[PDB]
file start-v2.csv (CSV, C-alpha atoms and all ligand atoms)
chain,number,residue,atom,x,y,z
A,25,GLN,CA,-82.3,-145.2,66.0
A,26,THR,CA,-85.7,-146.6,65.0
A,27,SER,CA,-87.9,-144.7,62.4
A,28,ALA,CA,-91.7,-144.9,62.0
A,29,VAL,CA,-91.4,-147.2,59.0
A,30,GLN,CA,-89.0,-149.4,61.0
A,31,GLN,CA,-91.5,-149.5,63.9
A,32,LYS,CA,-94.3,-150.5,61.5
A,33,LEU,CA,-92.1,-153.2,59.9
A,34,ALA,CA,-91.4,-154.5,63.5
A,35,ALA,CA,-95.1,-154.7,64.2
A,36,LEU,CA,-95.7,-156.5,61.0
A,37,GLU,CA,-93.0,-159.0,61.8
A,38,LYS,CA,-94.3,-159.7,65.3
A,39,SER,CA,-97.8,-160.5,64.0
A,40,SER,CA,-96.4,-162.6,61.2
A,41,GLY,CA,-94.8,-165.3,63.4
A,42,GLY,CA,-91.6,-165.2,61.3
A,43,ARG,CA,-88.4,-163.2,60.6
A,44,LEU,CA,-88.5,-160.3,58.2
A,45,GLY,CA,-85.7,-158.5,56.3
A,46,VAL,CA,-86.2,-155.4,54.3
A,47,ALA,CA,-83.9,-153.1,52.4
A,48,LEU,CA,-85.1,-150.1,50.4
A,49,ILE,CA,-83.0,-147.7,48.3
A,50,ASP,CA,-84.7,-144.6,47.0
A,51,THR,CA,-82.6,-143.3,44.0
A,52,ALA,CA,-84.3,-139.9,44.3
A,53,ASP,CA,-81.9,-139.1,47.2
A,54,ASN,CA,-80.0,-142.4,47.8
A,55,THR,CA,-81.5,-142.8,51.2
A,56,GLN,CA,-82.1,-146.2,52.6
A,57,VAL,CA,-84.6,-147.9,54.9
A,59,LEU,CA,-83.4,-151.2,56.5
A,60,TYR,CA,-85.0,-153.7,58.7
A,61,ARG,CA,-82.7,-156.6,59.8
A,62,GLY,CA,-80.7,-155.2,56.9
A,63,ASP,CA,-77.5,-157.0,57.9
A,64,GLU,CA,-78.9,-160.3,58.9
A,65,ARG,CA,-78.5,-163.3,56.6
A,66,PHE,CA,-81.5,-164.9,54.8
A,67,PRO,CA,-81.8,-167.8,52.4
A,68,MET,CA,-82.2,-166.3,48.9
A,69,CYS,CA,-83.9,-169.3,47.3
A,70,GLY,CA,-85.1,-168.2,43.8
A,71,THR,CA,-84.0,-164.6,44.2
A,72,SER,CA,-80.5,-165.9,43.5
A,73,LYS,CA,-81.6,-166.5,39.9
A,74,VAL,CA,-81.0,-162.8,39.2
A,75,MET,CA,-77.3,-163.1,40.0
A,76,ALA,CA,-76.9,-166.1,37.8
A,77,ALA,CA,-78.7,-164.5,34.8
A,78,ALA,CA,-76.7,-161.3,35.3
A,79,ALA,CA,-73.4,-163.3,35.3
A,80,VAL,CA,-74.3,-164.8,32.0
A,81,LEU,CA,-75.3,-161.4,30.6
A,82,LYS,CA,-71.9,-160.2,31.7
A,83,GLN,CA,-70.2,-163.0,29.8
A,84,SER,CA,-72.3,-162.1,26.7
A,85,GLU,CA,-70.7,-158.6,26.6
A,86,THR,CA,-67.6,-160.2,25.2
A,87,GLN,CA,-69.5,-162.8,23.1
A,88,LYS,CA,-72.1,-161.3,20.9
A,89,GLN,CA,-73.5,-164.8,20.3
A,90,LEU,CA,-73.4,-166.4,23.7
A,91,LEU,CA,-77.1,-165.9,24.3
A,92,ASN,CA,-77.8,-167.9,21.2
A,93,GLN,CA,-75.7,-170.8,22.3
A,94,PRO,CA,-77.8,-174.0,22.5
A,95,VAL,CA,-77.7,-176.1,25.7
A,96,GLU,CA,-78.9,-179.7,25.7
A,97,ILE,CA,-81.7,-180.5,28.0
A,98,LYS,CA,-81.7,-184.2,28.9
A,99,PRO,CA,-84.5,-186.1,30.8
A,100,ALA,CA,-82.0,-186.6,33.7
A,101,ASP,CA,-81.5,-182.9,34.0
A,102,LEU,CA,-85.1,-182.2,35.2
A,103,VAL,CA,-85.4,-181.3,38.8
A,104,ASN,CA,-88.5,-180.3,40.9
A,105,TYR,CA,-89.9,-177.3,39.0
A,106,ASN,CA,-89.4,-177.1,35.3
A,107,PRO,CA,-92.4,-175.5,33.6
A,108,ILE,CA,-90.3,-174.5,30.6
A,109,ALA,CA,-87.4,-177.0,30.4
A,110,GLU,CA,-89.7,-180.0,30.5
A,111,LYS,CA,-91.0,-179.0,27.1
A,112,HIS,CA,-87.5,-179.2,25.7
A,113,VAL,CA,-86.2,-182.5,27.0
A,114,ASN,CA,-84.1,-184.3,24.3
A,115,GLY,CA,-83.9,-180.9,22.6
A,116,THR,CA,-82.1,-177.6,23.3
A,117,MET,CA,-82.6,-174.2,24.7
A,118,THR,CA,-80.4,-171.1,24.2
A,119,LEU,CA,-78.9,-169.3,27.1
A,120,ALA,CA,-81.3,-166.4,26.4
A,121,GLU,CA,-84.2,-168.9,26.6
A,122,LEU,CA,-82.8,-170.3,29.8
A,123,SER,CA,-82.3,-166.9,31.4
A,124,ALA,CA,-85.9,-165.9,30.5
A,125,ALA,CA,-87.2,-169.2,31.9
A,126,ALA,CA,-85.2,-168.9,35.2
A,127,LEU,CA,-86.2,-165.3,35.7
A,128,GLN,CA,-89.8,-165.1,34.5
A,129,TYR,CA,-91.0,-168.6,35.4
A,130,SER,CA,-88.5,-169.5,38.2
A,131,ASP,CA,-87.6,-172.7,36.2
A,132,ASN,CA,-85.1,-174.6,38.4
A,133,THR,CA,-83.7,-176.7,35.5
A,134,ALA,CA,-83.0,-173.5,33.6
A,135,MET,CA,-81.2,-172.0,36.6
A,136,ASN,CA,-79.0,-175.1,36.8
A,137,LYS,CA,-78.0,-174.5,33.2
A,138,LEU,CA,-77.0,-170.9,34.0
A,139,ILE,CA,-75.0,-172.2,37.0
A,140,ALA,CA,-73.3,-174.8,34.8
A,141,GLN,CA,-72.4,-172.1,32.2
A,142,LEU,CA,-70.6,-170.2,35.0
A,143,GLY,CA,-68.7,-173.3,36.2
A,144,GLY,CA,-70.8,-174.0,39.3
A,145,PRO,CA,-72.2,-172.1,42.2
A,146,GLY,CA,-68.8,-170.6,43.0
A,147,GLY,CA,-68.8,-169.0,39.5
A,148,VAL,CA,-72.0,-167.1,40.5
A,149,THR,CA,-70.3,-166.0,43.7
A,150,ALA,CA,-67.2,-164.9,41.8
A,151,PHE,CA,-69.4,-162.7,39.6
A,152,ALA,CA,-71.0,-161.2,42.7
A,153,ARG,CA,-67.6,-160.4,44.1
A,154,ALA,CA,-66.5,-158.9,40.8
A,155,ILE,CA,-69.4,-156.3,41.0
A,156,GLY,CA,-68.7,-155.4,44.6
A,157,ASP,CA,-71.0,-157.7,46.5
A,158,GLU,CA,-68.9,-159.3,49.3
A,159,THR,CA,-72.0,-160.8,51.0
A,160,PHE,CA,-73.8,-162.9,48.5
A,161,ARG,CA,-72.9,-166.6,48.4
A,162,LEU,CA,-74.2,-169.4,46.2
A,163,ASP,CA,-73.0,-172.8,47.4
A,164,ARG,CA,-75.4,-175.3,45.8
A,165,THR,CA,-77.3,-176.0,42.6
A,166,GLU,CA,-81.0,-176.4,42.2
A,167,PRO,CA,-83.1,-177.3,44.0
A,168,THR,CA,-81.0,-177.8,47.2
A,169,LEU,CA,-80.1,-174.2,47.3
A,170,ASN,CA,-83.7,-173.6,48.5
A,171,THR,CA,-83.5,-175.8,51.7
A,172,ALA,CA,-83.6,-172.5,53.7
A,173,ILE,CA,-82.5,-174.1,57.0
A,174,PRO,CA,-82.3,-171.6,59.9
A,175,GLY,CA,-78.7,-170.8,60.7
A,176,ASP,CA,-77.3,-172.3,57.5
A,177,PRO,CA,-75.0,-169.8,55.8
A,178,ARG,CA,-75.2,-171.5,52.4
A,179,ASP,CA,-77.0,-169.7,49.6
A,180,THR,CA,-77.7,-166.6,51.7
A,181,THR,CA,-77.2,-162.9,51.5
A,182,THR,CA,-78.4,-159.8,53.5
A,183,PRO,CA,-81.2,-157.4,52.5
A,184,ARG,CA,-78.7,-154.5,52.4
A,185,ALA,CA,-76.3,-156.4,50.1
A,186,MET,CA,-79.0,-157.6,47.7
A,187,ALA,CA,-80.5,-154.2,47.4
A,188,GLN,CA,-77.2,-152.6,46.5
A,189,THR,CA,-76.4,-155.3,44.0
A,190,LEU,CA,-79.8,-155.1,42.4
A,191,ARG,CA,-79.4,-151.4,42.0
A,192,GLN,CA,-76.0,-151.8,40.4
A,193,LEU,CA,-77.3,-154.4,38.0
A,194,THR,CA,-80.6,-152.7,36.9
A,195,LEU,CA,-80.0,-149.0,37.4
A,196,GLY,CA,-76.2,-148.8,37.5
A,197,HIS,CA,-73.3,-149.8,35.4
A,198,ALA,CA,-72.4,-153.3,36.6
A,199,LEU,CA,-73.6,-154.5,33.2
A,200,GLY,CA,-73.3,-153.0,29.7
A,201,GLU,CA,-76.2,-150.8,28.5
A,202,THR,CA,-77.8,-153.5,26.2
A,203,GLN,CA,-77.4,-156.1,29.0
A,204,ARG,CA,-78.9,-153.9,31.6
A,205,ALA,CA,-81.9,-153.3,29.4
A,206,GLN,CA,-82.3,-157.0,28.8
A,207,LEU,CA,-82.2,-157.8,32.5
A,208,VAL,CA,-84.8,-155.1,33.2
A,209,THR,CA,-87.0,-156.3,30.4
A,210,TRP,CA,-86.8,-159.9,31.8
A,211,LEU,CA,-87.7,-158.7,35.3
A,212,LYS,CA,-90.6,-156.6,34.2
A,213,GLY,CA,-91.9,-159.7,32.4
A,214,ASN,CA,-91.9,-161.8,35.5
A,215,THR,CA,-95.0,-164.0,35.9
A,216,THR,CA,-94.7,-165.0,39.5
A,217,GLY,CA,-94.7,-161.7,41.4
A,218,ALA,CA,-98.2,-160.2,41.6
A,219,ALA,CA,-98.9,-161.4,45.1
A,220,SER,CA,-95.6,-160.2,46.6
A,221,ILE,CA,-94.0,-156.7,46.6
A,222,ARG,CA,-96.2,-155.6,43.6
A,223,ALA,CA,-99.4,-156.3,45.7
A,224,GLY,CA,-98.3,-153.6,48.1
A,225,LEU,CA,-97.7,-150.9,45.6
A,226,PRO,CA,-99.9,-148.2,44.1
A,227,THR,CA,-101.5,-149.6,40.9
A,228,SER,CA,-100.0,-146.9,38.7
A,229,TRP,CA,-96.4,-147.9,39.6
A,230,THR,CA,-94.4,-150.3,37.4
A,231,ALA,CA,-91.9,-152.9,38.6
A,232,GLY,CA,-89.7,-155.8,37.7
A,233,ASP,CA,-89.2,-158.5,40.4
A,234,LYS,CA,-87.9,-161.9,41.1
A,235,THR,CA,-89.5,-164.1,43.8
A,236,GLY,CA,-88.0,-166.9,45.8
A,237,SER,CA,-89.5,-169.6,48.0
A,238,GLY,CA,-88.4,-172.6,50.0
A,240,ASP,CA,-88.9,-174.7,53.1
A,241,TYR,CA,-89.5,-172.9,56.5
A,242,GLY,CA,-92.2,-171.0,54.7
A,243,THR,CA,-89.4,-168.9,53.1
A,244,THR,CA,-91.1,-166.2,51.0
A,245,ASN,CA,-88.9,-163.7,49.2
A,246,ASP,CA,-89.0,-161.0,46.6
A,247,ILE,CA,-86.6,-158.5,45.1
A,248,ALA,CA,-87.7,-155.6,42.9
A,249,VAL,CA,-86.8,-152.6,41.0
A,250,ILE,CA,-89.7,-150.1,41.1
A,251,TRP,CA,-90.6,-147.1,38.9
A,252,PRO,CA,-93.2,-145.1,40.8
A,254,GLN,CA,-95.4,-143.0,38.7
A,255,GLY,CA,-93.6,-139.7,38.1
A,256,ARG,CA,-90.5,-140.3,40.3
A,257,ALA,CA,-87.0,-141.8,40.5
A,258,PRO,CA,-86.8,-145.6,40.8
A,259,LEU,CA,-86.6,-147.6,44.0
A,260,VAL,CA,-85.0,-150.9,44.8
A,261,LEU,CA,-86.7,-153.0,47.4
A,262,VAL,CA,-85.8,-156.4,48.9
A,263,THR,CA,-88.2,-158.3,51.2
A,264,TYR,CA,-87.1,-161.6,52.7
A,265,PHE,CA,-89.2,-163.7,55.1
A,266,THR,CA,-88.6,-167.0,56.8
A,267,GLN,CA,-90.3,-169.0,59.6
A,268,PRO,CA,-89.3,-171.3,62.3
A,269,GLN,CA,-91.0,-174.6,61.2
A,270,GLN,CA,-89.9,-176.6,58.1
A,271,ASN,CA,-93.5,-177.0,56.9
A,272,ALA,CA,-94.6,-173.4,57.4
A,273,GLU,CA,-97.0,-172.0,54.8
A,274,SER,CA,-95.9,-169.4,52.3
A,275,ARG,CA,-96.7,-165.8,53.3
A,276,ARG,CA,-96.6,-163.5,50.3
A,277,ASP,CA,-99.1,-161.3,52.1
A,278,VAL,CA,-96.3,-160.4,54.5
A,279,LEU,CA,-94.1,-159.1,51.6
A,280,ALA,CA,-97.1,-157.2,50.2
A,281,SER,CA,-97.6,-155.6,53.6
A,282,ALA,CA,-93.9,-154.7,53.9
A,283,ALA,CA,-94.0,-153.1,50.5
A,284,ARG,CA,-97.2,-151.1,51.4
A,285,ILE,CA,-95.6,-149.8,54.6
A,286,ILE,CA,-92.5,-148.8,52.5
A,287,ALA,CA,-94.6,-147.1,49.8
A,288,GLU,CA,-96.8,-145.2,52.4
A,289,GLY,CA,-93.6,-144.0,54.1
A,290,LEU,CA,-92.0,-142.4,51.1
B,301,LIG,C1,-85.9,-177.9,47.2
B,301,LIG,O1,-86.5,-176.7,46.6
B,301,LIG,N1,-87.6,-176.3,47.1
B,301,LIG,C2,-88.3,-175.3,46.7
B,301,LIG,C3,-88.0,-174.6,45.4
B,301,LIG,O2,-87.7,-175.3,44.4
B,301,LIG,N2,-88.0,-173.3,45.4
B,301,LIG,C4,-87.7,-172.6,44.1
B,301,LIG,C5,-88.0,-171.1,44.2
B,301,LIG,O3,-87.5,-170.2,44.7
B,301,LIG,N3,-89.0,-171.2,43.2
B,301,LIG,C6,-90.1,-170.4,43.1
B,301,LIG,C7,-90.1,-169.0,43.4
B,301,LIG,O4,-89.6,-168.2,42.6
B,301,LIG,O5,-90.7,-168.5,44.4
B,301,LIG,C8,-91.3,-171.0,42.7
B,301,LIG,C9,-92.5,-170.1,42.5
B,301,LIG,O6,-93.7,-170.8,42.7
B,301,LIG,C10,-94.8,-170.4,41.9
B,301,LIG,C11,-96.0,-171.3,41.8
B,301,LIG,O7,-94.7,-169.3,41.4
B,301,LIG,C12,-91.5,-172.5,42.4
B,301,LIG,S1,-90.4,-173.4,43.5
B,301,LIG,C13,-88.8,-172.7,43.0
B,301,LIG,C14,-89.4,-174.9,47.5
B,301,LIG,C15,-90.4,-173.9,47.1
B,301,LIG,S2,-91.5,-173.9,48.4
B,301,LIG,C16,-90.7,-175.0,49.3
B,301,LIG,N4,-91.2,-175.5,50.5
B,301,LIG,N5,-89.7,-175.6,48.7
B,302,LIG,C1,-97.0,-179.7,48.2
B,302,LIG,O1,-96.2,-178.5,47.9
B,302,LIG,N1,-95.3,-178.5,46.9
B,302,LIG,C2,-94.5,-177.5,46.7
B,302,LIG,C3,-94.6,-176.4,47.7
B,302,LIG,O2,-94.0,-176.5,48.8
B,302,LIG,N2,-95.2,-175.3,47.3
B,302,LIG,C4,-95.3,-174.2,48.3
B,302,LIG,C5,-96.6,-173.5,48.2
B,302,LIG,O3,-97.8,-173.9,48.0
B,302,LIG,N3,-96.0,-172.3,48.1
B,302,LIG,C6,-96.5,-171.2,47.5
B,302,LIG,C7,-97.8,-170.8,47.8
B,302,LIG,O4,-98.3,-171.1,48.9
B,302,LIG,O5,-98.5,-170.1,47.0
B,302,LIG,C8,-95.7,-170.5,46.6
B,302,LIG,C9,-96.3,-169.2,46.0
B,302,LIG,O6,-95.2,-168.3,45.8
B,302,LIG,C10,-94.3,-168.0,46.9
B,302,LIG,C11,-93.3,-166.9,46.8
B,302,LIG,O7,-94.4,-168.7,47.9
B,302,LIG,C12,-94.3,-170.9,46.2
B,302,LIG,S1,-94.1,-172.6,46.4
B,302,LIG,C13,-94.6,-172.9,48.0
B,302,LIG,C14,-93.6,-177.5,45.6
B,302,LIG,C15,-92.4,-176.7,45.6
B,302,LIG,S2,-91.6,-177.1,44.1
B,302,LIG,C16,-92.8,-178.2,43.6
B,302,LIG,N4,-92.8,-178.8,42.4
B,302,LIG,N5,-93.8,-178.3,44.5

call {"tool": "encode", "arguments": {"input": "start-v2.csv", "output": "structure tokens"}}
result
Amino acid sequence: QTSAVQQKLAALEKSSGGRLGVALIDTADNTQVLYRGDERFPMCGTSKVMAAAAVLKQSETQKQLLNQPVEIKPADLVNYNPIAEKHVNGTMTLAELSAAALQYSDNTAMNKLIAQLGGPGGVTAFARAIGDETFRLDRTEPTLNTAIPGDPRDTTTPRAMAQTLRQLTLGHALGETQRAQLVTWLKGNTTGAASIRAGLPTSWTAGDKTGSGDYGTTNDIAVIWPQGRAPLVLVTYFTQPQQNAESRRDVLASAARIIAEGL
């Protein structure tokens, strides 16, 4: 079948010139709205949530892990290091690296999270451990953001990512203290105002993690607390056919607005 919201998302996609994937979970009744919900999309920076969560999980059995210093060398710097660049020849704790990766989308910080987990496969193993059989991280930063059409590397589906984000932020995939830390980090994101959040009623609160890459790949995943109602989880992925396509955060905002209006 095809619902009204699904029809509106289809119209948005057609006018956009790209491919749109959406997954909503409304925890008020556990109902879902999917659009290309089982198609694979490049995650880009949205994968940073899985890496941070995996390190939080490790910290459950090490009350001091988040305070562990990690050396940042000049050679470690990649293509987007707004926080790490200030700490070259110094150190950052895993908590600092998690906050930098999530709230500033720092790619060098993400690489340190991946390294702590033993490589991209370590992040994938954590995803499997919490019931996500779809997610796959294959590369480090920044090549995990190449976003080449058809490439299965570093992809997931909207359905899978929404279910996992729910488990992490609203469920029991993490311990209570760790879940609160993850939510606090997401709510403090600095990069998300033009994406999902731009399509929501002003009064609503949210935590999100953006992603972007080649092929005008423009992503966002969010946990939303609408004013006076049970939280939602929303994933919006978008990618385009030309390598040099422009970013389209307005498409994500439009998708979120359609979703919000349809509740
Ligand atoms: C080889 O890697 N290529 C990247 C890339 O590093 N994407 C990563 C990603 O996701 N990040 C986000 C992100 O979270 O969206 C921002 C956020 O940007 C700002 C200013 O907030 C900065 S770029 C980084 C890329 C990005 S766009 C494009 N053509 N390529
Ligand atoms: C000359 O371009 N250099 C880029 C680059 O491709 N940036 C692109 C661009 O502008 N985009 C926008 C944008 O148009 O605003 C956003 C905004 O947020 C999202 C989600 O797209 C994310 S980055 C992407 C780059 C990537 S990493 C690095 N150090 N430089």

call {"tool": "closest_residue", "arguments": {"input": "start-v2.csv", "among": "A:175, A:196, A:167, A:42", "to": "residue A:103", "atoms": "all atoms listed in the file"}}
result
A:167

call {"tool": "atom_distance", "arguments": {"input": "start-v2.csv", "atom1": "atom CA of residue A:260", "atom2": "atom CA of residue A:238"}}
result
22.6 Å

call {"tool": "atom_distance", "arguments": {"input": "start-v2.csv", "atom1": "atom CA of residue A:81", "atom2": "atom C6 of ligand LIG 301 (chain B)"}}
result
21.4 Å

call {"tool": "residues_near_ligand", "arguments": {"input": "start-v2.csv", "ligand": "ligand LIG 301 (chain B)", "cutoff": "6 Å", "atoms": "all atoms listed in the file", "output": "ChimeraX atom specification"}}
result
/A:69-70,105,130,167-168,170-171,216,235-238,240

call {"tool": "residues_around", "arguments": {"input": "start-v2.csv", "residues": "residue A:187", "least_positions_apart": "4", "cutoff": "7 Å", "atoms": "all atoms listed in the file", "output": "mmCIF file with C-alpha atoms, in the frame of the given file"}}
result
data_model
loop_
_atom_site.group_PDB
_atom_site.id
_atom_site.type_symbol
_atom_site.label_atom_id
_atom_site.label_comp_id
_atom_site.auth_asym_id
_atom_site.auth_seq_id
_atom_site.Cartn_x
_atom_site.Cartn_y
_atom_site.Cartn_z
ATOM 1 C CA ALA A 47 -83.900 -153.100 52.400
ATOM 2 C CA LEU A 48 -85.100 -150.100 50.400
ATOM 3 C CA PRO A 183 -81.200 -157.400 52.500
ATOM 4 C CA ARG A 191 -79.400 -151.400 42.000
ATOM 5 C CA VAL A 260 -85.000 -150.900 44.800
ATOM 6 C CA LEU A 261 -86.700 -153.000 47.400
ATOM 7 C CA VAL A 262 -85.800 -156.400 48.900
#

call {"tool": "residues_near_ligand", "arguments": {"input": "start-v2.csv", "ligand": "ligand LIG 302 (chain B)", "cutoff": "12 Å", "atoms": "only C-alpha atoms and all ligand atoms", "output": "VMD selection string"}}
result
chain A and resid 68 to 71 102 to 107 129 to 133 166 to 168 170 to 171 215 to 221 233 to 238 240 to 247 263 to 266 270 to 280

call {"tool": "atom_distance", "arguments": {"input": "start-v2.csv", "atom1": "atom CA of residue A:35", "atom2": "atom CA of residue A:74"}}
result
29.8 Å

call {"tool": "closest_residue", "arguments": {"input": "start-v2.csv", "among": "A:134, A:76, A:59, A:231", "to": "residue A:109", "atoms": "all atoms listed in the file"}}
result
A:134

call {"tool": "residues_around", "arguments": {"input": "start-v2.csv", "residues": "residue A:26", "least_positions_apart": "3", "cutoff": "12 Å", "atoms": "all atoms listed in the file", "output": "ChimeraX atom specification"}}
result
/A:29-34,57,59-61

call {"tool": "write_last_selection", "arguments": {"input": "start-v2.csv", "atoms": "C-alpha atoms", "output": "PDB file, in the frame of the given file"}}
result
ATOM      1  CA  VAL A  29     -91.400-147.200  59.000  1.00  0.00           C
ATOM      2  CA  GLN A  30     -89.000-149.400  61.000  1.00  0.00           C
ATOM      3  CA  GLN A  31     -91.500-149.500  63.900  1.00  0.00           C
ATOM      4  CA  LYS A  32     -94.300-150.500  61.500  1.00  0.00           C
ATOM      5  CA  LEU A  33     -92.100-153.200  59.900  1.00  0.00           C
ATOM      6  CA  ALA A  34     -91.400-154.500  63.500  1.00  0.00           C
ATOM      7  CA  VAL A  57     -84.600-147.900  54.900  1.00  0.00           C
ATOM      8  CA  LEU A  59     -83.400-151.200  56.500  1.00  0.00           C
ATOM      9  CA  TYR A  60     -85.000-153.700  58.700  1.00  0.00           C
ATOM     10  CA  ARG A  61     -82.700-156.600  59.800  1.00  0.00           C
TER      11      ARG A  61
END

call {"tool": "residues_around", "arguments": {"input": "start-v2.csv", "residues": "residue A:177", "least_positions_apart": "6", "cutoff": "10 Å", "atoms": "all atoms listed in the file", "output": "list in words"}}
result
residues 65, 66, 67, 161, 162 and 163 of chain A

call {"tool": "write_last_selection", "arguments": {"input": "start-v2.csv", "atoms": "C-alpha atoms", "output": "compact mmCIF listing (two decimals), in the frame of the given file"}}
result
# COMPACT_ATOMS: atom_id res chain seq x y z
CA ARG A 65 -78.50 -163.30 56.60
CA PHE A 66 -81.50 -164.90 54.80
CA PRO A 67 -81.80 -167.80 52.40
CA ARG A 161 -72.90 -166.60 48.40
CA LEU A 162 -74.20 -169.40 46.20
CA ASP A 163 -73.00 -172.80 47.40

call {"tool": "closest_residue", "arguments": {"input": "start-v2.csv", "among": "A:286, A:36, A:77, A:90", "to": "residue A:206", "atoms": "all atoms listed in the file"}}
result
A:77

call {"tool": "closest_residue", "arguments": {"input": "start-v2.csv", "among": "A:185, A:248, A:49, A:97", "to": "residue A:225", "atoms": "all atoms listed in the file"}}
result
A:248

call {"tool": "residues_near_point", "arguments": {"input": "start-v2.csv", "point": "(-92.9, -151.8, 36.6)", "cutoff": "12 Å", "atoms": "only C-alpha atoms", "output": "mmCIF file with C-alpha atoms, in the frame of the given file"}}
result
data_model
loop_
_atom_site.group_PDB
_atom_site.id
_atom_site.type_symbol
_atom_site.label_atom_id
_atom_site.label_comp_id
_atom_site.auth_asym_id
_atom_site.auth_seq_id
_atom_site.Cartn_x
_atom_site.Cartn_y
_atom_site.Cartn_z
ATOM 1 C CA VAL A 208 -84.800 -155.100 33.200
ATOM 2 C CA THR A 209 -87.000 -156.300 30.400
ATOM 3 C CA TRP A 210 -86.800 -159.900 31.800
ATOM 4 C CA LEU A 211 -87.700 -158.700 35.300
ATOM 5 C CA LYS A 212 -90.600 -156.600 34.200
ATOM 6 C CA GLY A 213 -91.900 -159.700 32.400
ATOM 7 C CA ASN A 214 -91.900 -161.800 35.500
ATOM 8 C CA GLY A 217 -94.700 -161.700 41.400
ATOM 9 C CA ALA A 218 -98.200 -160.200 41.600
ATOM 10 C CA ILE A 221 -94.000 -156.700 46.600
ATOM 11 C CA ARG A 222 -96.200 -155.600 43.600
ATOM 12 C CA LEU A 225 -97.700 -150.900 45.600
ATOM 13 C CA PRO A 226 -99.900 -148.200 44.100
ATOM 14 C CA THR A 227 -101.500 -149.600 40.900
ATOM 15 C CA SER A 228 -100.000 -146.900 38.700
ATOM 16 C CA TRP A 229 -96.400 -147.900 39.600
ATOM 17 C CA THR A 230 -94.400 -150.300 37.400
ATOM 18 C CA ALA A 231 -91.900 -152.900 38.600
ATOM 19 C CA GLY A 232 -89.700 -155.800 37.700
ATOM 20 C CA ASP A 233 -89.200 -158.500 40.400
ATOM 21 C CA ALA A 248 -87.700 -155.600 42.900
ATOM 22 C CA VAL A 249 -86.800 -152.600 41.000
ATOM 23 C CA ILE A 250 -89.700 -150.100 41.100
ATOM 24 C CA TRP A 251 -90.600 -147.100 38.900
ATOM 25 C CA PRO A 252 -93.200 -145.100 40.800
ATOM 26 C CA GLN A 254 -95.400 -143.000 38.700
ATOM 27 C CA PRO A 258 -86.800 -145.600 40.800
ATOM 28 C CA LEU A 259 -86.600 -147.600 44.000
ATOM 29 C CA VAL A 260 -85.000 -150.900 44.800
#

call {"tool": "closest_residue", "arguments": {"input": "start-v2.csv", "among": "A:46, A:186, A:73, A:82", "to": "residue A:127", "atoms": "all atoms listed in the file"}}
result
A:73

call {"tool": "closest_residue", "arguments": {"input": "start-v2.csv", "among": "A:149, A:50, A:27, A:120", "to": "residue A:207", "atoms": "all atoms listed in the file"}}
result
A:120

call {"tool": "build_atoms", "arguments": {"input": "start-v2.csv", "residues": "stretch 119-131 of chain A", "atoms": "N, CA and C atoms", "output": "PDB file, keeping the file's coordinate frame"}}
result
ATOM      1  N   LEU A 119     -79.091-169.932  25.824  1.00  0.00           N
ATOM      2  CA  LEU A 119     -78.900-169.300  27.100  1.00  0.00           C
ATOM      3  C   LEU A 119     -79.839-168.122  27.329  1.00  0.00           C
ATOM      4  N   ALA A 120     -80.275-167.457  26.259  1.00  0.00           N
ATOM      5  CA  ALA A 120     -81.300-166.400  26.400  1.00  0.00           C
ATOM      6  C   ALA A 120     -82.637-167.054  26.889  1.00  0.00           C
ATOM      7  N   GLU A 121     -83.008-168.173  26.266  1.00  0.00           N
ATOM      8  CA  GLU A 121     -84.200-168.900  26.600  1.00  0.00           C
ATOM      9  C   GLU A 121     -84.148-169.373  28.073  1.00  0.00           C
ATOM     10  N   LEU A 122     -82.972-169.849  28.460  1.00  0.00           N
ATOM     11  CA  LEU A 122     -82.800-170.300  29.800  1.00  0.00           C
ATOM     12  C   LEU A 122     -82.821-169.215  30.849  1.00  0.00           C
ATOM     13  N   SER A 123     -82.267-168.065  30.490  1.00  0.00           N
ATOM     14  CA  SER A 123     -82.300-166.900  31.400  1.00  0.00           C
ATOM     15  C   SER A 123     -83.742-166.422  31.551  1.00  0.00           C
ATOM     16  N   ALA A 124     -84.485-166.316  30.457  1.00  0.00           N
ATOM     17  CA  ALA A 124     -85.900-165.900  30.500  1.00  0.00           C
ATOM     18  C   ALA A 124     -86.715-166.896  31.357  1.00  0.00           C
ATOM     19  N   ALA A 125     -86.462-168.191  31.169  1.00  0.00           N
ATOM     20  CA  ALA A 125     -87.200-169.200  31.900  1.00  0.00           C
ATOM     21  C   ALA A 125     -86.897-169.157  33.420  1.00  0.00           C
ATOM     22  N   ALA A 126     -85.623-169.013  33.759  1.00  0.00           N
ATOM     23  CA  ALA A 126     -85.200-168.900  35.200  1.00  0.00           C
ATOM     24  C   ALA A 126     -85.808-167.690  35.815  1.00  0.00           C
ATOM     25  N   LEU A 127     -85.731-166.554  35.140  1.00  0.00           N
ATOM     26  CA  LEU A 127     -86.200-165.300  35.700  1.00  0.00           C
ATOM     27  C   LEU A 127     -87.711-165.180  35.760  1.00  0.00           C
ATOM     28  N   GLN A 128     -88.338-165.414  34.613  1.00  0.00           N
ATOM     29  CA  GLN A 128     -89.800-165.100  34.500  1.00  0.00           C
ATOM     30  C   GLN A 128     -90.708-166.236  34.908  1.00  0.00           C
ATOM     31  N   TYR A 129     -90.202-167.467  34.928  1.00  0.00           N
ATOM     32  CA  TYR A 129     -91.000-168.600  35.400  1.00  0.00           C
ATOM     33  C   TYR A 129     -90.384-169.354  36.566  1.00  0.00           C
ATOM     34  N   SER A 130     -89.225-168.898  37.035  1.00  0.00           N
ATOM     35  CA  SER A 130     -88.500-169.500  38.200  1.00  0.00           C
ATOM     36  C   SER A 130     -88.194-170.987  37.893  1.00  0.00           C
ATOM     37  N   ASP A 131     -87.917-171.301  36.625  1.00  0.00           N
ATOM     38  CA  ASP A 131     -87.600-172.700  36.200  1.00  0.00           C
ATOM     39  C   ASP A 131     -86.234-173.096  36.837  1.00  0.00           C
TER      40      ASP A 131
END
